[PDB]
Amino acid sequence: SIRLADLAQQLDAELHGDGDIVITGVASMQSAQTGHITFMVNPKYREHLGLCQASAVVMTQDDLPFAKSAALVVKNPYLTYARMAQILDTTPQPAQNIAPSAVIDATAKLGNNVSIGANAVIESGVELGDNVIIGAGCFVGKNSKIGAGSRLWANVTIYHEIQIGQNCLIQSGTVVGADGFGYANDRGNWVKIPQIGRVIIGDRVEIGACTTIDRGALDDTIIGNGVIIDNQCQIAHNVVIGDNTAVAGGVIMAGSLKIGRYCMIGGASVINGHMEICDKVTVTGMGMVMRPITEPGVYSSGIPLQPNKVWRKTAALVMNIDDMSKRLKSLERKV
């Protein structure tokens, strides 16, 4: 809980109202009650602010005349919302103290204020930085290094020789450093190629749940600083992702793909390998990415939903589009 005037100061917001109001948490505009702060981005909500029951509303200067409560004026309410949700965050930590049921190899090095959850398993040679938190049931493999401030939720798997920077956060079920999908072929029999490269994750990387990031075959899989990756993603061996790129849920990447900085990869996209995507590329959802992308901008693919009756005809005609093309050529000749 925090006085509104204090909160406004920390947010660098211009306060219009009673600064002694006590704010206990953040809430949606439709749910907010006394003690909650909320925010608005869409002008459509101006007319019904009299129905919002928040103690304070974050808004812009143009919104201020419509205010029906204490207001914090800022240029970017959504960004301010993020900041104030961090100030008022209620999320617990994955662990506190070192659990006696954890199994920690005698050669592991733990920094100051490290917490390790129940039944977590820490291999030989691991290095955990100051303030690192390892959730219950995690596995951290041999010689892996996790930088200060980083946190794993429960049941995360880190393989061996992995490097993770500072202030990262990895959600449960995720696996970092599994073997890449590397095989030679001897008369139809697959021959495993040991995957002896690593994964290097930079600082401030956030990874969702049940996501897999494979180790490289010889050199490394690299996740740059500030990257955010959603749930259910596959990042194959020797992928390289530039700083601040965002990868939405269910994206599948093939090996040796290089993605630049400030990219936005839409959910359920499929990105083929041994190719590069330059900085500042957006791929919209379900994109089928087969070719290098050399110019910034927004790219898309796919034929979207239709009523089944209509789709049946759409699909048949597209599958026979070569015949259509020939009929059009023939008609052009006759004319």
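Between two forms, the rigid core is the largest collection of C-alphas that superpose within 1.5 Å. Sequential numbering from 1, following the sequence displayed.
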Greater root mean square CA deviation, 134-142 compared with 69-77 in 8 other deposited structures of this protein, core aligned: 69-77
Quick note on 102-110 and 227-235: per-entry mean CA temperature factor is higher in 102-110
5-13 versus 308-316: which one carries the higher mean Cα B factor per the record? 5-13
Highest Cα temperature factor in the entry, among the options 137, 77, 216, 202: which one is it? 77
Criterion, highest CA B-factor; candidates, 51, 268, 288, 303: 51
Would you check the entry's CA temperature factor for residue 188 and let me know if it's in the chain's lowest, middle or highest third? highest
Entry-reported Cα temperature factor of residue 59, expressed as the chain third it lands in: highest
Using only modelled residues of the chain, where does the Cα B factor of residue 132 rank: lowest third, middle third or highest third? middle
In terms of the chain's CA B-factor thirds, is residue 166 lowest, middle or highest? middle
Modelled-residue ranking by C-alpha temperature factor, third containing residue 151: lowest
